[PDB]
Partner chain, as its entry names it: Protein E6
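Next up: a single chain in structure tokens, the form deposited without its partner chain.
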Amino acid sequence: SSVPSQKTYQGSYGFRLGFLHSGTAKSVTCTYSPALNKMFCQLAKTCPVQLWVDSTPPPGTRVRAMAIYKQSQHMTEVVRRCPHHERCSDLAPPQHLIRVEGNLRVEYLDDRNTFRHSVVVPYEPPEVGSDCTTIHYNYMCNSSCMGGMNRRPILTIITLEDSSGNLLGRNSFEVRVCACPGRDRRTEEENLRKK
């Protein structure tokens, strides 16, 4: 399938993503490495992503998430839930990797041409006095799942899009869904330093 752009596009609204701290304890549920721009998280647990903007987006703006493989040689393959976690799946079709929890207006899409999956929620401006809005994503496979990601790293691309379809902002982060997010983040940062 055709490859969506992953290139950062901060646009005129100064769109940026924020992530909590939660540190590097062995199986913390979700931890983000700024050095690697990489979230590390457990399957089927909340991943909070914050949306920051410099100016208010117009009414009807939507926030899309889609996963693509990071490596050149996998980039044209659609990222999907492996057959085991699809089967004993359960709103979200069981073939989608990324879900949003807690949003009565979530739309799950399958592109009719590229067959790529995405999940979309409306943009809501932060609470009357606050600095960002948070969306709760869930990844429903480990990166290692045989017959899904199969140990291939992915990027999640978050785009902010007006109701006309215009791209307003785009940012992406690498994701590793694993049993021990603290162990693995520390290992990868230390590999970056040594190698």
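Numbering follows the first chain given and starts at 1. Under this definition, the rigid core comprises the largest set of C-alpha atoms superposing within 1.5 Å between the forms. Residues that one form lacks are left out of the comparison.
Asker: If you average the CA temperature factors over each stretch, which comes out higher, 121-129 or 103-111?
Answerer: That would be 121-129.
Asker: May I ask you to compare 23-31 and 139-147 by their mean CA B factor in the entry and name the higher one?
Answerer: If you average the C-alpha B-factors of 23-31 and of 139-147, the larger mean comes out for 23-31.
Asker: Select lowest, middle or highest to describe the third in which the CA B-factor of residue 87 falls within its chain in this entry.
Answerer: According to the entry, residue 87 has a C-alpha B-factor in the chain's highest third.
Asker: Determine, from the deposited record, the chain-internal third of the Cα B-factor for residue 156: lowest, middle or highest.
Answerer: Its C-alpha B-factor belongs to the lowest third of this chain's values.
Asker: Report the third (lowest, middle or highest) to which the CA temperature factor of residue 61 belongs, ranking only the modelled residues of the same chain.
Answerer: Its C-alpha B-factor, which the entry lists for residue 61, ranks in the middle third among residues of this chain.
Heads up, the form solved in complex with its partner chain isn't pictured, but that's what we're talking about next.
Asker: Taking the rigid core as reference, which runs of at least three consecutive residues show Cα movement of 2 Å or more between the shown form and the other one?
Answerer: Moving region between the shown form and the other one: 128-130, nothing else.
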